[PDB]
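Engineer: Structure below; questions to follow.
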Amino acid sequence: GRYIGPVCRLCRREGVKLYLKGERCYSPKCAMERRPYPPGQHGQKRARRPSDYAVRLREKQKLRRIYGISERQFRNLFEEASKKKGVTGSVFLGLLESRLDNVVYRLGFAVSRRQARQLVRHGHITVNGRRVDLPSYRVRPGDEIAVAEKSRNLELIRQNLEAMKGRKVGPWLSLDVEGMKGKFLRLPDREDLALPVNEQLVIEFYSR
Amino acid sequence: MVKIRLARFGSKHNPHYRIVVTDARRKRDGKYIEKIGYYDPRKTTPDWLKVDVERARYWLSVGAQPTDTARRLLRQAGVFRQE
Amino acid sequence: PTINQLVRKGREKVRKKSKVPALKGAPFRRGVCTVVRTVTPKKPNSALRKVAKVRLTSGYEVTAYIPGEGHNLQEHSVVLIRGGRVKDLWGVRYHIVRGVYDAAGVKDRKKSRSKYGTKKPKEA
Amino acid sequence: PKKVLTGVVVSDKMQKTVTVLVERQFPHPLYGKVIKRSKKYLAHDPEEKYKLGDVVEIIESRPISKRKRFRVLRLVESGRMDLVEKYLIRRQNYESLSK
Amino acid sequence: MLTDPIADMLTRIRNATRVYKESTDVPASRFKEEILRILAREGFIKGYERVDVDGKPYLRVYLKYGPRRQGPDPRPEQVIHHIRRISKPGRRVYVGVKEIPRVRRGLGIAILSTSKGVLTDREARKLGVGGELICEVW
RNA sequence: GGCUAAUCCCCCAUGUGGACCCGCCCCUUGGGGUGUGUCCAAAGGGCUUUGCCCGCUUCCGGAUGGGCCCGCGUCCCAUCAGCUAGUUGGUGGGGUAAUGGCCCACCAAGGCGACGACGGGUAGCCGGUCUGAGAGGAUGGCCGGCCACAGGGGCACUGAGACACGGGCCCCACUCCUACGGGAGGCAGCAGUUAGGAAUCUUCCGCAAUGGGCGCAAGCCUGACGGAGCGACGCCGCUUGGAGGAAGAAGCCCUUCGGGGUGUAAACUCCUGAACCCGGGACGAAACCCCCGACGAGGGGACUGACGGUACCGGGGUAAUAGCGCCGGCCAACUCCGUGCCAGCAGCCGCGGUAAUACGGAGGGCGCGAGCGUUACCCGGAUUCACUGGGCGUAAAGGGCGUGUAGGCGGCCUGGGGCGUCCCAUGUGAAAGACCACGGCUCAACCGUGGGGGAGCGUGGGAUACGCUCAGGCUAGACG
RNA sequence: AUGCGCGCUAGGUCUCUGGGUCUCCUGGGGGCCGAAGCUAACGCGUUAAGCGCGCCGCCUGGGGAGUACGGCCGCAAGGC
Ligand SMILES: [Mg+2]
Ligand SMILES: [Mg+2]
Ligand SMILES: [Mg+2]
Ligand SMILES: [Mg+2]
Ligand SMILES: [Mg+2]
Ligand SMILES: [Mg+2]
Ligand SMILES: [Mg+2]
Ligand SMILES: [Mg+2]
Ligand SMILES: [Mg+2]
Ligand SMILES: [Mg+2]
Ligand SMILES: [Mg+2]
Ligand SMILES: [Mg+2]
Ligand SMILES: [Mg+2]
Ligand SMILES: [Mg+2]
Ligand SMILES: [Mg+2]
Ligand SMILES: [Mg+2]
Ligand SMILES: [Mg+2]
Ligand SMILES: [Mg+2]
Ligand SMILES: [Mg+2]
Ligand SMILES: [Mg+2]
Ligand SMILES: [Mg+2]
Ligand SMILES: [Mg+2]
Ligand SMILES: [Mg+2]
Ligand SMILES: [Mg+2]
Ligand SMILES: [Mg+2]
Ligand SMILES: [Mg+2]
Ligand SMILES: [Mg+2]
Ligand SMILES: [Mg+2]
Ligand SMILES: [Mg+2]
Ligand SMILES: [Mg+2]
Ligand SMILES: [Mg+2]
Ligand SMILES: [Mg+2]
Ligand SMILES: [Mg+2]
Ligand SMILES: [Mg+2]
Ligand SMILES: [Mg+2]
Ligand SMILES: [Mg+2]
Ligand SMILES: [Mg+2]
Ligand SMILES: [Mg+2]
Ligand SMILES: [Mg+2]
Ligand SMILES: [Mg+2]
Ligand SMILES: [Mg+2]
Ligand SMILES: [Mg+2]
Ligand SMILES: [Mg+2]
Ligand SMILES: [Mg+2]
Ligand SMILES: [Mg+2]
Ligand SMILES: [Mg+2]
Ligand SMILES: [Mg+2]
Ligand SMILES: [Mg+2]
Ligand SMILES: [Mg+2]
Ligand SMILES: [Mg+2]
Ligand SMILES: [Mg+2]
Ligand SMILES: [Mg+2]
Ligand SMILES: [Mg+2]
Ligand SMILES: [Mg+2]
Ligand SMILES: [Mg+2]
Ligand SMILES: [Mg+2]
Ligand SMILES: [Mg+2]
Ligand SMILES: [Mg+2]
Ligand SMILES: [Mg+2]
Ligand SMILES: [Mg+2]
Ligand SMILES: [Mg+2]
Ligand SMILES: [Mg+2]
Ligand SMILES: [Mg+2]
Ligand SMILES: [Mg+2]
Ligand SMILES: [Mg+2]
Ligand SMILES: [Mg+2]
Ligand SMILES: [Mg+2]
Ligand SMILES: [Mg+2]
Ligand SMILES: [Mg+2]
Ligand SMILES: [Mg+2]
Ligand SMILES: [Mg+2]
Ligand SMILES: [Mg+2]
Ligand SMILES: [Mg+2]
Ligand SMILES: [Mg+2]
Ligand SMILES: [Mg+2]
Ligand SMILES: [Mg+2]
Ligand SMILES: [Mg+2]
Ligand SMILES: [Mg+2]
Ligand SMILES: [Mg+2]
Ligand SMILES: [Mg+2]
Ligand SMILES: [Mg+2]
Ligand SMILES: [Mg+2]
Ligand SMILES: [Mg+2]
Ligand SMILES: [Mg+2]
Ligand SMILES: [Mg+2]
Ligand SMILES: [Mg+2]
Ligand SMILES: [Mg+2]
Ligand SMILES: [Mg+2]
Ligand SMILES: [Mg+2]
Ligand SMILES: [Mg+2]
Ligand SMILES: [Mg+2]
Ligand SMILES: [Mg+2]
Ligand SMILES: [Mg+2]
Ligand SMILES: [Mg+2]
Ligand SMILES: [Mg+2]
Ligand SMILES: [Mg+2]
Ligand SMILES: [Mg+2]
Ligand SMILES: [Mg+2]
Ligand SMILES: [Mg+2]
Ligand SMILES: [Mg+2]
Ligand SMILES: [Mg+2]
Ligand SMILES: [Mg+2]
Ligand SMILES: [Mg+2]
Ligand SMILES: [Mg+2]
Ligand SMILES: [Mg+2]
Ligand SMILES: [Mg+2]
Ligand SMILES: [Mg+2]
Ligand SMILES: [Mg+2]
Ligand SMILES: [Mg+2]
Ligand SMILES: [Mg+2]
Ligand SMILES: [Mg+2]
Ligand SMILES: [Mg+2]
Ligand SMILES: [Mg+2]
Ligand SMILES: [Mg+2]
Ligand SMILES: [Mg+2]
Ligand SMILES: [Mg+2]
Ligand SMILES: [Mg+2]
Ligand SMILES: [Mg+2]
Ligand SMILES: [Mg+2]
Ligand SMILES: [Mg+2]
Ligand SMILES: [Mg+2]
Ligand SMILES: [Mg+2]
Ligand SMILES: [Mg+2]
Ligand SMILES: [Mg+2]
Ligand SMILES: [Mg+2]
Ligand SMILES: [Mg+2]
Ligand SMILES: [Mg+2]
Ligand SMILES: [Mg+2]
Ligand SMILES: [Mg+2]
Ligand SMILES: [Mg+2]
Ligand SMILES: [Mg+2]
Ligand SMILES: [Mg+2]
Ligand SMILES: [Mg+2]
Ligand SMILES: [Mg+2]
Ligand SMILES: [Mg+2]
Ligand SMILES: [Mg+2]
Ligand SMILES: [Mg+2]
Ligand SMILES: [Mg+2]
Ligand SMILES: [Mg+2]
Ligand SMILES: [Mg+2]
Ligand SMILES: [Mg+2]
Ligand SMILES: [Mg+2]
Ligand SMILES: [Mg+2]
Ligand SMILES: [Mg+2]
Ligand SMILES: [Mg+2]
Ligand SMILES: [Mg+2]
Ligand SMILES: [Mg+2]
Ligand SMILES: [Mg+2]
Ligand SMILES: [Mg+2]
Ligand SMILES: [Mg+2]
Ligand SMILES: [Mg+2]
Ligand SMILES: [Mg+2]
Ligand SMILES: [Mg+2]
Ligand SMILES: [Mg+2]
Ligand SMILES: [Mg+2]
Ligand SMILES: [Mg+2]
Ligand SMILES: [Mg+2]
Ligand SMILES: [Mg+2]
Ligand SMILES: [Zn+2]
């Protein structure tokens, strides 16, 4: 009901790896090795030259499933970033990437984006000291995001954290791995992040 | 007659008031002559009241009548305070 | 036309006729059936299409299609009317919604059910 | 500002009262042209001093009859009867047009 | 008579240039002279001189066009690609200063008649005044 | 029929002053003086009783609330073209807070209309809203403003105010009581009933807050209002788990019978821990009030919470609802079988008469997701009423031809005016809303504070090119 | 199946009526073929269907229908 169903499957449809899986989306299982076709009876069948519509729909779906939120919440986003002063594409990206759940992932307190959401929504995180259990929450920059201490020694936490001892973090972010604090310093520009998405095709999808 | 009072601006449960000069027969919530301040009972801000006395005082001089809870706020900003 | 023409005369704003008196303006209207019957369609088709002449709460008597695989109605079956027209028979201007009032649902449709009025069966 | 207009007296026929014709122009709010309209104002002349054809300034005044809310201020132009015989020709125009 | 004079000056220019005439006469007026002056200075006509044809005053525009172009249709690029009237009689067109039109993304102009006198859009703007929008040129 | 009190009602007085007739003075529609004449005031009550409070009286100002009046904007039909006797103006009078045919007498003979009178139809108007690139189109529920009504129709009374929804009178319909004489109502206040309908809620709690009436005050009244309830009606937030897990079980689908699919999906492993349980537990509420001081300013003190044991906080804790539309083009999504112009689909083309991606089921897929579809309606696409932004040789469309009325339009020069036009200043453009910024409820929705902008109209000032206008002049148009 | 008016945009050829130092020039009508340009094509093209301005008439899918009803006109037929 949000997405919540098979996934290394829509890795497949969207036609490239997304890492909604974390560990093992880096396996030689991501099912993207073993299976670069789409789901269905027809996955192994020969391509059809897609529709201008098709392509744009697809790009949108991709961006969506990466960030892993509802159409509604996503569109309300785009519309929001559309309205704001600045370049509608990169702002979409700024805003999306400014979601608490996704900050958690990007700070590596969770392995996958969906884990990071459950992490939040179960109370494990705090933004500047008050536990904040909505995943939509907007991280403004200058905000510090920690595992709050009650959870600080629980299993999965120490797992990730003590496994991320040594890693670099995204350059709009900082990490004190001991304290499991992190700061969201600044906003990402397009290639501040990675993404396998021509954002401009999404802008176009909505201009329909 | 002309009255200085509260008019209700919050939401359900999140109750903000405008301090207001009005002819007493208006809806409390309806159109009024001057806004003279705000009052926030739940004290949610640094400033949950503001007045600008010099204005309130003018209306007082013309027989603007503060309700009690009005006048407490007025004198709280010491619109009233003598010297 | 010139501008003094437009100033003099103006442009004619242009209205539209409703494809229905389901009247009021209402989005459905109930009614009872007078005849429930079977009709043939026009040039390119044959079948036996199933329809009811229905007297309505809006006073008007109309013909309504009775969609879907099979059905239950008869002379005094009272039913609700929807609107939507059936290309290729004549003057069927409204559809019967199935599953409201005396109009049953369409038995065994597993597939497009919200339309056709049928209850989700038990996946077992 | 009691409004004050100006126009032509086309009406002689009244006891202590005159009809002034006041034209206005203005841009038309859609087709953009400027167009030119007018009305007949019923006006107060206590001494019968303004006479046919005069062109007078007209004033917002405290009320006089059903219809006179206007007293005459001053004369501006005297005797231009083109105006008078233009509107007057237009009223003789009327009663073409019917049954 | 000529119902709109000013127009017929611009339309004379129009027909001239699209047959590539090196020059053309328009019966002389002063405000017409004005518009011409602005076209000149702004780079659109080569310039104009004031003349006599059968003891009547004309203003001979001389005009320009770019170079001879290769391939078939050597005809040369127009300098005045487009020029058009706006206010006409019995449709009169006036702008505020805030309503003064920016043209062809700036590559064009607009010649409006203020009571500061006759101006290009951009002139009217630095002058900060409105008026009768006469034409656009570009 | 009788008695009686008052802040009830008269009578005489006092005249600050005010009313009115007449006269002058300023001023200019009935504004302010001013003089003679005439006319007009009051109400008591409480005490911490000889001086304080609450009241009364005439006058002038303020302040708020309104009446009236004027410019301008304000739907369709001309197959509605004429309309008008209180009509239209004058005098005098009547009425009112006040102008005015608002009314009335006499006099005059007007007033209105293709710049659309008169009739017919439809409708409450706005701030706004929806859609739109705008321009436009549509709209006016909810919140705010204004108006109008209170079963239908008349009518006054009493008041500062009404021609008064829970006030009075009469006619009418309807209901109920009736000793048949006569009486009694009026939810378009909250709730609720019933009828109608596709369809719209509890006969709830509270008087704690804010607001209103009367009261010196305590207080009383308050279905205004603050809250709960019910409906996915709307928006926003949120869950139905997170990591691991096969060369990938069974079942089911397809199959060239090799295999392909559902699919890391499942099973299983570990972790988290909606729900639910326990414990603490609000904010909104500090005034009126009492005390000191002067009933002041200022200080000190007491009470009070419907919502609520709710929100929130701490502890414990279970792997915990998925659905609906769709898969012939428009349009993202294909296969097998059934069926055989039938059953049926359908928004348009179109599909179905034995190989059906179009009907029905399956497996698969695509789209959204506590929703998803349908119907109705509005804008849109529709530059398909064309201002932006369309046309008329043959596609719809040049009047059969002329003549001219209205009306639209208007060559070259010079000058005055400055109406159009343009600029400045200022006033107005209430509050909500829209936009921007911060801020508050863990976010948002919702909310606050601030800021910006704004068309239009008022007033002052300014420019004069163009359009007007008056003036004078020319001759390229026109005419003789 | 092409409202009127005015102004601008190559030519060539035949013609009707004027004027001219009469090969030819210059007016004003009628024809044909063409520059640019237009047009859905066909075609138009200084006798515009081209470039512009003024003003009038008119159009808004096919049918029903130039019908019905109303009004007005006419003796009528019938017209608007
Ligand atoms: Mg699915
Ligand atoms: Mg591993
Ligand atoms: Mg943007
Ligand atoms: Mg990383
Ligand atoms: Mg950075
Ligand atoms: Mg990545
Ligand atoms: Mg790329
Ligand atoms: Mg869009
Ligand atoms: Mg303070
Ligand atoms: Mg067929
Ligand atoms: Mg039955
Ligand atoms: Mg339909
Ligand atoms: Mg179907
Ligand atoms: Mg007279
Ligand atoms: Mg009078
Ligand atoms: Mg006067
Ligand atoms: Mg007449
Ligand atoms: Mg006629
Ligand atoms: Mg303006
Ligand atoms: Mg007695
Ligand atoms: Mg008394
Ligand atoms: Mg006295
Ligand atoms: Mg008087
Ligand atoms: Mg006086
Ligand atoms: Mg006296
Ligand atoms: Mg006395
Ligand atoms: Mg007494
Ligand atoms: Mg008392
Ligand atoms: Mg009031
Ligand atoms: Mg006032
Ligand atoms: Mg007023
Ligand atoms: Mg009379
Ligand atoms: Mg009188
Ligand atoms: Mg009265
Ligand atoms: Mg009366
Ligand atoms: Mg008399
Ligand atoms: Mg008029
Ligand atoms: Mg009606
Ligand atoms: Mg309406
Ligand atoms: Mg109505
Ligand atoms: Mg809008
Ligand atoms: Mg918009
Ligand atoms: Mg449109
Ligand atoms: Mg608009
Ligand atoms: Mg409206
Ligand atoms: Mg309502
Ligand atoms: Mg309202
Ligand atoms: Mg009534
Ligand atoms: Mg009733
Ligand atoms: Mg009745
Ligand atoms: Mg009544
Ligand atoms: Mg009273
Ligand atoms: Mg009333
Ligand atoms: Mg009642
Ligand atoms: Mg009665
Ligand atoms: Mg009886
Ligand atoms: Mg009664
Ligand atoms: Mg009752
Ligand atoms: Mg009710
Ligand atoms: Mg019923
Ligand atoms: Mg309710
Ligand atoms: Mg409610
Ligand atoms: Mg109660
Ligand atoms: Mg209370
Ligand atoms: Mg109170
Ligand atoms: Mg009140
Ligand atoms: Mg009181
Ligand atoms: Mg006491
Ligand atoms: Mg008591
Ligand atoms: Mg009571
Ligand atoms: Mg309520
Ligand atoms: Mg329901
Ligand atoms: Mg593990
Ligand atoms: Mg496999
Ligand atoms: Mg298997
Ligand atoms: Mg098998
Ligand atoms: Mg197998
Ligand atoms: Mg899993
Ligand atoms: Mg295992
Ligand atoms: Mg546990
Ligand atoms: Mg306890
Ligand atoms: Mg409290
Ligand atoms: Mg407290
Ligand atoms: Mg109390
Ligand atoms: Mg004490
Ligand atoms: Mg004392
Ligand atoms: Mg005391
Ligand atoms: Mg105190
Ligand atoms: Mg205190
Ligand atoms: Mg309790
Ligand atoms: Mg509890
Ligand atoms: Mg807990
Ligand atoms: Mg725990
Ligand atoms: Mg499970
Ligand atoms: Mg599990
Ligand atoms: Mg689509
Ligand atoms: Mg497709
Ligand atoms: Mg069969
Ligand atoms: Mg066979
Ligand atoms: Mg078969
Ligand atoms: Mg088959
Ligand atoms: Mg076949
Ligand atoms: Mg199929
Ligand atoms: Mg289909
Ligand atoms: Mg199918
Ligand atoms: Mg399925
Ligand atoms: Mg939701
Ligand atoms: Mg439409
Ligand atoms: Mg669109
Ligand atoms: Mg459009
Ligand atoms: Mg249309
Ligand atoms: Mg078209
Ligand atoms: Mg147009
Ligand atoms: Mg068209
Ligand atoms: Mg034409
Ligand atoms: Mg035709
Ligand atoms: Mg003709
Ligand atoms: Mg003529
Ligand atoms: Mg004329
Ligand atoms: Mg002239
Ligand atoms: Mg003129
Ligand atoms: Mg001129
Ligand atoms: Mg001048
Ligand atoms: Mg001026
Ligand atoms: Mg001057
Ligand atoms: Mg105002
Ligand atoms: Mg302004
Ligand atoms: Mg505002
Ligand atoms: Mg804006
Ligand atoms: Mg915040
Ligand atoms: Mg808001
Ligand atoms: Mg503002
Ligand atoms: Mg402002
Ligand atoms: Mg604006
Ligand atoms: Mg502004
Ligand atoms: Mg505006
Ligand atoms: Mg001025
Ligand atoms: Mg001057
Ligand atoms: Mg002259
Ligand atoms: Mg001469
Ligand atoms: Mg014809
Ligand atoms: Mg030549
Ligand atoms: Mg000859
Ligand atoms: Mg010729
Ligand atoms: Mg030709
Ligand atoms: Mg050619
Ligand atoms: Mg020529
Ligand atoms: Mg020739
Ligand atoms: Mg011809
Ligand atoms: Mg021509
Ligand atoms: Mg054509
Ligand atoms: Mg059309
Ligand atoms: Mg038709
Ligand atoms: Mg005929
Ligand atoms: Mg008729
Ligand atoms: Mg007839
Ligand atoms: Mg007859
Ligand atoms: Mg005939
Ligand atoms: Zn994967």
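So you can find residues: chains in the structure tokens are A, B, ... in the order shown, residues in each start at 1, and ligands are numbered from 1 in order.
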What do you get as an MDAnalysis selection string if you pick all residues at most 9 Å from ligand 22, counting only C-alpha atoms (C1' of nucleotides) and all ligand atoms?
Structural biologist: chainID F and resid 15:18
Engineer: Just to be explicit: take each residue in the selection above, keep C-alpha atoms (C1' of nucleotides), and write the result as a PDB file, in the first residue's frame.
Structural biologist:
```pdb
ATOM      1  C1'   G F  15     -32.773  79.165  32.012  1.00  0.00           C
ATOM      2  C1'   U F  16     -26.395  77.271  32.002  1.00  0.00           C
ATOM      3  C1'   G F  17     -28.622  76.658  27.766  1.00  0.00           C
ATOM      4  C1'   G F  18     -31.874  75.008  23.565  1.00  0.00           C
TER       5        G F  18
END
```
Engineer: May I have the residues within 9 Å of ligand 139, computed using only C-alpha atoms (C1' of nucleotides) and all ligand atoms, as a PDB file with C-alpha atoms (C1' of nucleotides), in the first residue's frame?
Structural biologist:
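The result, stored in out-v8.pdb:
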```pdb
ATOM      1  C1'   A F 471      -8.538  79.485 -34.190  1.00  0.00           C
ATOM      2  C1'   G F 472      -5.937  80.786 -38.589  1.00  0.00           C
ATOM      3  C1'   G F 473      -3.359  79.030 -43.241  1.00  0.00           C
TER       4        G F 473
END
```
Engineer: Which residues of chain F come within 9 Å of ligand 102, and what is each one's closest atom pair and distance in Å (one decimal), counting only C-alpha atoms (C1' of nucleotides) and all ligand atoms, sorted by chain and residue number, as JSON lines?
Structural biologist:
```
{"residue": "F:353", "atom": "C1'", "partner": "ligand 102", "partner_atom_place_in_ligand_line": "1 (Mg)", "distance": 8.8}
{"residue": "F:354", "atom": "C1'", "partner": "ligand 102", "partner_atom_place_in_ligand_line": "1 (Mg)", "distance": 8.6}
{"residue": "F:355", "atom": "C1'", "partner": "ligand 102", "partner_atom_place_in_ligand_line": "1 (Mg)", "distance": 8.2}
{"residue": "F:356", "atom": "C1'", "partner": "ligand 102", "partner_atom_place_in_ligand_line": "1 (Mg)", "distance": 7.3}
```
Engineer: Store the residues of this selection in a file with C-alpha atoms (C1' of nucleotides), as a PDB file, in the first residue's frame.
Structural biologist:
```pdb
ATOM      1  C1'   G F 353     -20.446 -14.729 -38.357  1.00  0.00           C
ATOM      2  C1'   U F 354     -14.558 -21.048 -35.598  1.00  0.00           C
ATOM      3  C1'   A F 355      -6.485 -18.729 -35.017  1.00  0.00           C
ATOM      4  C1'   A F 356     -10.755 -12.852 -31.086  1.00  0.00           C
TER       5        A F 356
END
```
Engineer: With a distance cut-off of 12 Å and only C-alpha atoms (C1' of nucleotides), select the neighbouring residues of residue G:27, excluding the residue or stretch itself and same-chain residues fewer than 2 positions from it, and output the selection as a list in words.
Structural biologist: residues 17, 18, 19, 20, 25 and 29 of chain G
Engineer: If you count only C-alpha atoms (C1' of nucleotides) and all ligand atoms, which residues end up within 8 Å of ligand 109, as number ranges by chain?
Structural biologist: A: 208; F: 380-381
Engineer: Using only C-alpha atoms (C1' of nucleotides) and all ligand atoms, which protein or nucleic acid residues are at most 9 Å from ligand 119, as a PDB file with N, CA and C atoms (P, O5', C5', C4', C3', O3' and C1' of nucleotides), in the first residue's frame?
Structural biologist:
```
ATOM      1  P     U F 405     -26.555  62.198 -45.316  1.00  0.00           P
ATOM      2  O5'   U F 405     -27.455  61.561 -44.155  1.00  0.00           O
ATOM      3  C5'   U F 405     -28.815  61.970 -44.099  1.00  0.00           C
ATOM      4  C4'   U F 405     -29.625  61.504 -42.915  1.00  0.00           C
ATOM      5  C3'   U F 405     -28.900  61.201 -41.627  1.00  0.00           C
ATOM      6  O3'   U F 405     -28.601  62.377 -40.909  1.00  0.00           O
ATOM      7  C1'   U F 405     -30.369  59.437 -42.124  1.00  0.00           C
ATOM      8  P     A F 406     -27.118  62.580 -40.342  1.00  0.00           P
ATOM      9  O5'   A F 406     -27.113  61.516 -39.144  1.00  0.00           O
ATOM     10  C5'   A F 406     -27.848  61.746 -37.950  1.00  0.00           C
ATOM     11  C4'   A F 406     -28.114  60.479 -37.179  1.00  0.00           C
ATOM     12  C3'   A F 406     -26.938  59.827 -36.458  1.00  0.00           C
ATOM     13  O3'   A F 406     -26.565  60.424 -35.238  1.00  0.00           O
ATOM     14  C1'   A F 406     -28.115  58.202 -37.631  1.00  0.00           C
ATOM     15  P     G F 407     -25.078  61.021 -35.120  1.00  0.00           P
ATOM     16  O5'   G F 407     -24.170  59.743 -34.981  1.00  0.00           O
ATOM     17  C5'   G F 407     -24.398  58.741 -34.008  1.00  0.00           C
ATOM     18  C4'   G F 407     -23.653  57.490 -34.414  1.00  0.00           C
ATOM     19  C3'   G F 407     -22.173  57.664 -34.739  1.00  0.00           C
ATOM     20  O3'   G F 407     -21.337  57.717 -33.588  1.00  0.00           O
ATOM     21  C1'   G F 407     -23.214  56.352 -36.409  1.00  0.00           C
TER      22        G F 407
END
```
Engineer: Residues within 9 Å of ligand 100, counting only C-alpha atoms (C1' of nucleotides) and all ligand atoms: report them as a list in words.
Structural biologist: residues 337, 338, 339, 340 and 354 of chain F
Engineer: Put those residues in a file: N, CA and C atoms (P, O5', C5', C4', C3', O3' and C1' of nucleotides), as a PDB file, in the first residue's frame.
Structural biologist:
```
ATOM      1  P     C F 337      -5.377 -22.021 -27.262  1.00  0.00           P
ATOM      2  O5'   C F 337      -6.681 -22.034 -26.346  1.00  0.00           O
ATOM      3  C5'   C F 337      -6.937 -23.142 -25.514  1.00  0.00           C
ATOM      4  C4'   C F 337      -8.040 -22.905 -24.529  1.00  0.00           C
ATOM      5  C3'   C F 337      -9.402 -22.665 -25.129  1.00  0.00           C
ATOM      6  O3'   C F 337     -10.059 -23.843 -25.499  1.00  0.00           O
ATOM      7  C1'   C F 337      -9.003 -21.065 -23.449  1.00  0.00           C
ATOM      8  P     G F 338     -11.026 -23.801 -26.773  1.00  0.00           P
ATOM      9  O5'   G F 338     -12.372 -23.192 -26.183  1.00  0.00           O
ATOM     10  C5'   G F 338     -12.856 -23.590 -24.913  1.00  0.00           C
ATOM     11  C4'   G F 338     -13.974 -22.715 -24.374  1.00  0.00           C
ATOM     12  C3'   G F 338     -15.008 -22.174 -25.365  1.00  0.00           C
ATOM     13  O3'   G F 338     -16.068 -23.068 -25.668  1.00  0.00           O
ATOM     14  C1'   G F 338     -14.243 -20.414 -24.042  1.00  0.00           C
ATOM     15  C1'   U F 339     -17.315 -18.474 -27.326  1.00  0.00           C
ATOM     16  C3'   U F 339     -18.943 -20.045 -28.127  1.00  0.00           C
ATOM     17  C4'   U F 339     -18.570 -20.331 -26.690  1.00  0.00           C
ATOM     18  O3'   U F 339     -20.336 -20.222 -28.372  1.00  0.00           O
ATOM     19  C5'   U F 339     -18.392 -21.791 -26.315  1.00  0.00           C
ATOM     20  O5'   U F 339     -17.823 -22.548 -27.374  1.00  0.00           O
ATOM     21  P     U F 339     -16.457 -23.336 -27.195  1.00  0.00           P
ATOM     22  P     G F 340     -20.878 -20.946 -29.714  1.00  0.00           P
ATOM     23  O5'   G F 340     -20.605 -19.900 -30.882  1.00  0.00           O
ATOM     24  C5'   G F 340     -21.178 -18.609 -30.795  1.00  0.00           C
ATOM     25  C4'   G F 340     -20.818 -17.730 -31.957  1.00  0.00           C
ATOM     26  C3'   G F 340     -21.219 -18.246 -33.313  1.00  0.00           C
ATOM     27  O3'   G F 340     -21.375 -17.105 -34.155  1.00  0.00           O
ATOM     28  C1'   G F 340     -18.868 -18.137 -33.168  1.00  0.00           C
ATOM     29  P     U F 354     -17.416 -17.945 -38.518  1.00  0.00           P
ATOM     30  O5'   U F 354     -15.985 -18.580 -38.200  1.00  0.00           O
ATOM     31  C5'   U F 354     -15.082 -17.967 -37.293  1.00  0.00           C
ATOM     32  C4'   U F 354     -14.198 -18.985 -36.621  1.00  0.00           C
ATOM     33  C3'   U F 354     -13.626 -20.069 -37.548  1.00  0.00           C
ATOM     34  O3'   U F 354     -12.213 -20.141 -37.398  1.00  0.00           O
ATOM     35  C1'   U F 354     -14.558 -21.048 -35.598  1.00  0.00           C
TER      36        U F 354
END
```
Engineer: Which chain E residues are at most 12 Å from chain C (counting only C-alpha atoms), as a ChimeraX atom specification?
Structural biologist: /E:88-92
